[PDB]
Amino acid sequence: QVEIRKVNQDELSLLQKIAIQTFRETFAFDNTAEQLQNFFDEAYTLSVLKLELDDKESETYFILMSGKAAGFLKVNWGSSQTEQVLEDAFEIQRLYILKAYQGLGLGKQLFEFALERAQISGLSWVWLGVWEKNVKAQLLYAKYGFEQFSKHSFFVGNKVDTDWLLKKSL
């Protein structure tokens, strides 16, 4: 019953909807509505998502359950990567599954699809960022063969944090 394919040009509003809903589900319990809205207002307007859909060096996919969008995947290469950290590299930037569809294995299936796209790309590396404190995710990524190669620290108010960058040889 499951399909994975690129977002259609005529599904821009649908994409905005699921992107907003998943962000709300992931972040709403620990942040205020206004804080979340600040992010929507910047990252998930129809015009920004439109540029992303038209970007030649990026792809956005839906994973679907019986024809209904259950989650989405954004991948980047070339100048569209969020950061230039490796040569001949492919970035997995976004992966969200709607709560109503979690626990069904769809996340794993979409992540595995992302790795196969990377393989088919003929590039040398696939990479992603993970929070220094998210050990569970780290462990999971390590099982697919990802390894740390760099990091980026920054601060918010009084709190300093770090992201690790992990790569997998293609």
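Start at 1 and count along the sequence shown; that's the residue number.
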Checklist line | 134-142 set against 112-120, stretch whose average Cα temperature factor tops the other in the entry | finding: 134-142
Next item on the list: Could you check the entry and say whether 28-36 or 46-54 has the higher mean CA B-factor?
Entry: 28-36
Next item on the list: Grab the CA temperature factor for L86 from the record and place it in the lowest, middle or highest third of its chain.
Entry: highest
Next item on the list: Name the third of the chain's ranked CA B-factors that contains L15, choosing lowest, middle or highest.
Entry: lowest
Next item on the list: Just say lowest, middle or highest third for the CA B-factor of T60 relative to the other modelled residues in its chain.
Entry: lowest
